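The form deposited in one PDB entry is given below as one chain in structure tokens.
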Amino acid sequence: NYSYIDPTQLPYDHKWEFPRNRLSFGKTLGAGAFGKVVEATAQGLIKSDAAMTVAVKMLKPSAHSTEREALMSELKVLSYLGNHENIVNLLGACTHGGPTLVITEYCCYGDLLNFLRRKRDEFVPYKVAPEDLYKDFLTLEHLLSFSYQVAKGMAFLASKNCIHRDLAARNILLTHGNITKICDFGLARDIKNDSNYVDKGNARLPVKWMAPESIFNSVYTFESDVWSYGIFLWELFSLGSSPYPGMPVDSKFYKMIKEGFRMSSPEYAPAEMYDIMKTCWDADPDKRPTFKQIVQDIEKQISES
């Protein structure tokens, strides 16, 4: 599950350890068969005795030994990555005296996919009438900023030799100020009943976001994440539509991907952003751009707009 890094050899820094009893669990933010993410308040996180709201990831009583390893391995990965601007920020953890708890920041606006669909109908391509700024309409400027932030976050993950493997709008959190945080819901997502994940072998995988080498050879690299980022761009500029609309993942889908069929540009994608999508979807991973190159490309687009 780890292409390059070895989490078993990666230490869990004990500066992260947080007292279990100082958390007050609240509403459930998301849940899968074995794990869940809950909103919570932590008492002694901030130096002054003032409480702050956090999100906590934990396993359910249904979880087995495989999931207990995965949650601890996830904590080691998050601790190894450290805090970054474009990544959801680990705040602490609880590792003894009970089950593993992973504490991160709370992102007020939820996941990006639901945000795009919530904002889709009032989307504004050009400038917002200056009286209408209180409406906080979704604009093309916001979409470009989202692509830029996620590309920077993925560039940082690549620099840490880390492969995301499930990059999609559903795995992007959104905070105040239209700032995105890459995340991985993992076990806290009900992939069993999520139509975006597809039965393949004995796993359920996000096939429509996956590069061919990941589908057919189970190969995950920096450049297979780049492919997923291209699908994410299509999600973004279609305002939250499902990729390859109307095409179920079946034998014809695999042949069409293999033979070079690619999606058309979504209705709201600038031509230069669609140019990025096509290069991300190159059958040859070596011909695909790097995330660092994508950041440079998008940065020039934002300046010239």
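When you see a residue number, it is the position in the sequence shown, counting from 1. C-alpha atoms forming the largest set that superposes within 1.5 Å between two forms make up the rigid core.
Per the records, residue 221 is modelled in every other compared entry, just as the shown structure includes it, so no third of them leave it out. Among the other PDB entries of this protein that were compared and that flank it with modelled residues, residue 63 is modelled in all, so it is never left out in a third of them. The stretch with the higher mean CA B factor, choosing between 161 to 169 and 212 to 220, is 212 to 220.
Stretches 127 to 135 and 173 to 181 differ in mean CA B factor, with 127 to 135 having the higher one. In this entry, the residue among 267, 49, 67, 275 with the greatest C-alpha B factor is 49. Annotation for 271, 55, 58, 256: 256 ranks highest, by Cα B-factor. Split the chain's modelled residues into thirds by C-alpha temperature factor. Residue 153 is in the lowest one. Per the PDB record, residue ranking by Cα B-factor puts residue 33 in the middle third of the chain. Ranked by C-alpha B-factor against the other modelled residues of its chain, residue 114 falls in the middle third. Looking at the C-alpha B-factors along this chain, the one for residue 203 belongs to the highest third. Ranked by Cα temperature factor within the chain, residue 296 sits in the middle third according to the deposited record.
Omitted here: the form deposited in another entry. The next part is about that form.
After superposition on the rigid core, the Cα of residue 264 moves by less than 2 Å between the shown form and the other one.
The two forms, fitted on the rigid core, differ between the shown form and the other one by 2 Å or more at the CA of residue 68.
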